[PDB]
């Protein structure tokens, strides 16, 4: 192929490489009879299976198609059937599945590139679907030609988000993409229960903390519910987050310092928390010294237990 | 996990000998009726004496191979463990049997 | 008995043995080794006779879908849709016996449709979803498996038509479960105002303002108000404003007939 591409046209380079890729009647039987055949059956018959053959065939097509193809052209109809044949042969790698969906979005075939993500995710195992769902959900919300309804974009998240956390992946971004887009198209703070689910799946502390900042902008009635639910090493970090929420909107915070120190070992960071709560006031270094006195006595009790 | 039932074990044993009979025909191919006597009622089948000999040889080879794969397991398991107190070999095989329980 | 007569290359004795053994209805291990026997012998017409009997001995989709995995392995298109036509009629013919579950019939409808999508006939892929949902309105899995077919092979207005229904059922089942989640109301109404406009569109707005006391609640009524107002309006406005208003009635009398309805709603 490579010597003929320089000497002769790419149409000559296709035609010598078209003869490689005849998918005859049945690839399932020929693939199996080749694998079970002990070196007697030639690989001339099962030559279509080879990924290397398809990728450099396609890369000639995707290079030869013009920058404006718009589906009238023969070649854009030719590279799409050659791309779809790879998916039907099922020998498509996930970087190659992105190269076809990217291929359609440059040539304004955006609404058919959502079919491209749709066909392939089923075929792949998770830990790889997470990289396709980023590129699929981002085209749905960011690309300008995609006019999808806000109940259709919400379908694409909560079909993925439910499916993808079911097999078990951290899913930090998809939660945020379903969190960020909710203001740009809908514009209400339903964001919290959409993002609470990140904190309570069945990193996670870094999803819980940024949003409990966000409802202190909107309204304190839905902050204080999170401050309760935030606390129910990692446990100690959750207690610290609760103390910060109390400072934003003090006795509940000090008692929380007790609840957190009693949550777990070391507790000096909690001392920094109560000290922060004391420092926040613009009252008497009496309750503070009493607090350090109570903490020290608790430490002495822990030493007695040990 | 868990164990395999006898109807699932018998099929896998039947699937395995079909692959031994497949490669036996492939190793052979690489190198190169019914009569019912009406008076007695007996049915006589005429078959190749080579395939009956290859049936009798392969059963003896599988019988010896499992005999040798178990004999080495007897010689290895006797010379693995000697920590816990024993008296004879039947005590060792019983105290090892208590270990597979827990 | 089999692997000895296999070893003697007596192919007519294992065939006579298997015909007897599959007559006593033993289980799926026997039949699957009997369809694997004829693949060895290349008897393609004989193994097709077995699956005719194998679906009658074990009526279940993993025996029917095994027979379509046989036919799609060989690529014979005339034989595969004949099996597909026999599989979906027998579910319809034997509906009252109740031996295939809702998740079980969804595997047959989807594997019929995704095969017809690969056979480039999208109008047969599309129409069978309608007959299956009507033929079975009970199973949600066949309705939900209808949607994923449109996502892959359908044109965009058809997906949005079907998407609007699944969102309708899922918003309906949360609000029946969860009592006062006011943020799902403000989308469920806007689900029906956007894509469902009809008698239902007015009706839910009644059914919402039924559910409407919080600060979190009452602004939903404000939405239903203008939703009514954009399109009576005074009559429902007085009924809701009755929550309590002596200053309001004195404010009402001075600027109801004097100035508008928008002035009337300003009091509320």
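Chains as they are written, first to last, in PDB author numbering: chain v, 492 to 693, 705 to 734, 740 to 756, 761 to 775, 777 to 794, 796 to 819; chain I, 92 to 123, 142 to 211; chain d, 139 to 350, 352 to 370, 374 to 386, 388 to 402, 405 to 413.
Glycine residues also receive a C-beta, built at the ideal position from the N, C-alpha and C atoms.
When Cβ-Cβ separations below 7 Å define contact, residue 787 (chain v) makes no contact with chain d.
With fewer than 16 other Cβ atoms inside 10 Å of its own Cβ, residue 149 (chain I) counts as exposed. Interface annotation for the stretch 144-173 of chain I against chain d: 154, 156, 157, 160, 161, 163, 164, 167, criterion Cβ-Cβ distance under 8 Å. The contact set of residue 321 (chain d) on chain v, defined by CB atoms closer than 7 Å, consists of 679, 681 in chain order.
Assigned with DSSP and collapsed to three states, residue 660 (chain v) falls in coil, not helix or strand. Where residue 157 (chain d) is concerned, there is no enclosing beta strand (DSSP E), although the alpha helix (DSSP H) around it starts and stops at 149-159. Taking every protein chain shown into account, the CB of residue 669 (chain v) has 16 or more other CB atoms within 10 angstroms, so this residue is buried. DSSP places residue 577 (chain v) inside the alpha helix (DSSP H), whose first and last residues are 565-580.
Cβ neighbours of residue 722 (chain v) within its own chain (closer than 6 Å, five residues either side excluded): 756. The count of Cβ pairs closer than 8 Å, one atom from the stretch 196-210 of chain d and one from the stretch 246-265 of chain d, reaches three, so the stretches are in contact. For residue 304 (chain d), the three-state secondary structure derived from DSSP is helix. The Cβ of residue 517 (chain v) sits closer than 7 Å to at least one Cβ of chain d.
Across the structure, residue 303 (chain d) and residue 530 (chain v) are spaced so that their CA atoms are roughly 55 Å apart. If you compare the alpha carbons of d:143, d:163, d:262, d:224 with that of residue 160 (chain I), the shortest gap goes to d:143.
For the stretch 97-114 of chain I, the set of residues with a beta-carbon nearer than 9 Å to any beta-carbon of chain d comprises 98, 99, 101, 102, 104, 105, 106, 108, 109, 112, 113, in chain order. Annotated three-state conformation of residue 358 (chain d) is helix, per DSSP. Residue 199 (chain d) is a Cβ neighbour of residue 246 (chain d), given a cutoff of 7 Å.
Where residue 153 (chain I) is concerned, the enclosing beta strand (DSSP E) starts and stops at 152-154. Contact of residue 155 (chain d) with chain I by beta-carbon distance below 8 Å is absent, the smallest such distance being about 13 Å. The Cβ atoms of residue 305 (chain d) and residue 502 (chain v) lie no closer than 7 Å to each other. Per the C-alpha coordinates, the member of d:147, d:184, d:172 positioned closest to residue 163 (chain I) is d:147. In this structure, the straight-line span from the alpha carbon of residue 223 (chain d) to that of residue 217 (chain d) is close to 10 Å.
Across the stretch 203-222 of chain d, CB contacts with chain v closer than 8 Å involve 210, 211, 212, 213, in sequence order along the chain. If you check each beta-carbon in the stretch 574-602 of chain v against every beta-carbon of chain d, the ones closer than 7 Å belong to 579, 602. Sequence-distant Cβ neighbours of residue 544 (chain v) in its own chain, meaning closer than 6 Å and more than five residues away, are 511. For residue 146 (chain d), the C-beta contacts it makes with chain I under 8 Å involve 156, 157, 160, 161, 164, in order along the chain. The beta-carbon separation of residue 729 (chain v) and residue 749 (chain v), rounded to 5 Å, stays under the 8 Å limit for a contact. Under DSSP, residue 145 (chain I) takes part in a beta bridge, and its partners are I:152. The C-beta separation of residue 323 (chain d) from residue 346 (chain d) comes to about 6 Å, placing the pair in contact by the 8 Å criterion.
In this structure residue 240 (chain d) touches residue 279 (chain d) by the C-beta definition: roughly 5 Å separates them, less than 8 Å. With a threshold of 16 other beta carbon atoms within 10 Å, residue 792 (chain v) falls short and is exposed.
With 16 or more neighbouring CB atoms inside 10 Å of its own CB, residue 210 (chain d) falls in the buried class. Residue 689 (chain v) is classed as buried because its beta carbon has at least 16 other beta carbons within 10 Å across all chains shown. Taking 7 Å as the CB threshold, residue 717 (chain v) stays off the interface with chain d.
Nearest in C-alpha terms to residue 527 (chain v), of all of I:107, I:113, I:167, is I:113. Inter-residue distance for residue 402 (chain d) and residue 334 (chain d) is about 36 Å (C-alpha atoms, whole angstroms).
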